[PDB]
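Contents: one structure, followed by commentary.
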Amino acid sequence: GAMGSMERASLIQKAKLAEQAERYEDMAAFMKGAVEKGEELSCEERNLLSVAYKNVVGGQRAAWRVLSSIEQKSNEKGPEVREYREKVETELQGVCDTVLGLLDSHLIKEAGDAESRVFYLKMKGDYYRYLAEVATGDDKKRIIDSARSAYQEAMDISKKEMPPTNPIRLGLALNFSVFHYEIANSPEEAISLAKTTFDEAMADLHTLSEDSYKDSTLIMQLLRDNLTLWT
Amino acid sequence: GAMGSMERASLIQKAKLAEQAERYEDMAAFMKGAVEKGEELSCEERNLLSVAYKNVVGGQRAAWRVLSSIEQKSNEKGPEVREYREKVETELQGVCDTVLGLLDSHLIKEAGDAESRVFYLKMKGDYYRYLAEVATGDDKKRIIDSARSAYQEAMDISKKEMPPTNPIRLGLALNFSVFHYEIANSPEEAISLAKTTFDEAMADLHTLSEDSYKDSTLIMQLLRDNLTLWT
Amino acid sequence: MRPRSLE
Amino acid sequence: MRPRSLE
């Protein structure tokens with residue numbers, strides 16, 4: 001595509017510049033260009049891909065929720081609120097389909113190490129989750145199953161291959177727990193997964209260095225914040 | 001253009017929705033579509049046009065300053081920092097040229113009342129100012145003169161037609177003072193204009209209602225903040 | 001209120 | 001530090 005003429009190293013360098021400039025649409029276009037070079041991503045490069053698209057879809061999701069709330073109020077006027085909510089929805093769907101397409105071409109297929117495979121399957125679950133947030137009816141059921149499946153494959157590798165404090169494993173469990181609570185209408189599964197994840201990580205903190213301890217405890221605090229909200 | 005098939009009232013309604021959703025690129029596209037219907041803008045609609053483009057160009061200017069600072073550091077590596085600064089610069093220029101084009105086709109020509117004419121000439125000065133921030137050399141001189149000229153025409157109408165507390169007149173003087181300080185290398189003209197504007201508004205506050213008093217004093221505090229910074 | 005997903 | 005223009 002449009003980044004085909006740029007060197008892979010220049011795309012990564014410009015993604016970092018775009019992050020510093022808070023230009024996340026540019027950051028995502030540069031990282032898409034880097035993925036489309038066909039080579040595997042390093043840990044740092046996977047992080048850049050995730051930061052870029054999380055910030056782009058996060059603005060879309062925030063805007064969709066504001067518009068959905070106004071639309072719900074207006075149905076308790078004209079077609080304009082629905083049309084504009086639909087416009088933002090379609091743009092958000094397009095960003096999710098773009099990320100899913102990168103994961104399917106061919107990041108997950110080539111990812112053999114647990115840290116890369118769990119990261120990408122988690123991201124697959126997250127973007128199907130964002131599709132599920134705006135989906136209705138039977139469409140919704142198949143999208144929810146696609147999220148659940150990706151998260152479950154990621155969970156099964158993470159429990160076999162990573163210690164319970166590994167930040168990737170922790171963030172997966174955090175997000176799968178949010179899936180269960182908000183998407184799958186399974187609050188008890190959400191609370192059980194957050195509590196078991198927190199308790200198993202607590203028992204493994206003794207093994208960590210100061211820096212690894214700070215990384216793991218930061219994510220554990222998010223689990224605790226959700227358990228406080230839910231119980 | 002792309003909004004040609006949408007009703008003017010629907011474009012204004014969607015600009016308001018986009019503001020609530022913090023979707024300022026969409027807000028600016030809707031307001032451009034509304035201007036291109038060819039009719040004059042009301043006071044509220046002029047405000048929507050200004051909010052939309054100020055937020056779009058404000059993100060561009062912030063990103064340009066981050067990239068310009070990194071580029072300056074790197075010249076105290078490769079072409080990538082310059083290329084990406086140039087990309088953001090060209091996009092910012094394009095937004096300024098779009099706003100200038102709307103003012104020239106044909107908002108200023110049809111604006112006869114002081115509140116509409118001063119508003120649009122101020123905006124002409126502001127967008128030439130944003131062009132001047134990124135311009136070099138002789139280009140810079142002609143862009144600076146275009147800003148100065150627009151601001152001066154706006155100032156001459158504002159002093160004849162508006163009281164010294166009028167918020168449009170106050171915001172014009174604030175921004176022209178910033179022009180003198182930051183662009184024209186005239187700090188003494190900047191300080192003189194901010195002080196005279198503040199003192200003349202103070203003497204006219206007695207004429208105002210509670211709501212008009214709050215509107216005028218808010219802008220006066222920005223003048224005072226700049227005089228504190230500069231003296 | 002919405003729960004925290006990974007930041 | 002940069003001066004305030006109209007918000």
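Residue numbers start at 1 in each chain; chains themselves are named A, B, ... in the order of the structure tokens; ligands are numbered from 1 in the order shown.
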
- Message: If we count only C-alpha atoms and set the cut-off at 12 Å, which residues sit around residue 1 in chain D, ignoring sequence neighbours fewer than 4 positions away in its own chain? Please answer as a ChimeraX atom specification.
- Response: /B:182,225-226,228-230

- Message: Could you work out which residues of chain B fall inside 12 Å of chain D? Count only C-alpha atoms, and format the result as an MDAnalysis selection string.
- Response: chainID B and resid 47 50:51 54:55 58 62 65 122:123 126 129:130 167:183 187 190:191 194 218:230

- Item | Contact set, chain B to chain A: 8 Å, only C-alpha atoms, as a ChimeraX atom specification | /B:10,13-14,17,20-23,62-64,66-67,80-81,84

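Picture a line from CA of residue 104 in chain B to CA of residue 150 in chain B; it runs 12.0 Å.
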
- Message: Using Å and a single decimal, report how far CA of residue 152 in chain B sits from CA of residue 195 in chain B.
- Response: 17.4 Å

- Message: From the options A:2, A:114, A:95, A:43, which residue's atoms come nearest to residue 25 in chain A, counting only C-alpha atoms?
- Response: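 Residue with the minimum atom-to-atom distance to residue 25 in chain A: A:95.
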
- Task: State, in Å with one decimal place, the distance from CA of residue 127 in chain B to CA of residue 5 in chain B.
- Result: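 Separating CA of residue 127 in chain B from CA of residue 5 in chain B is a distance of 28.2 Å.
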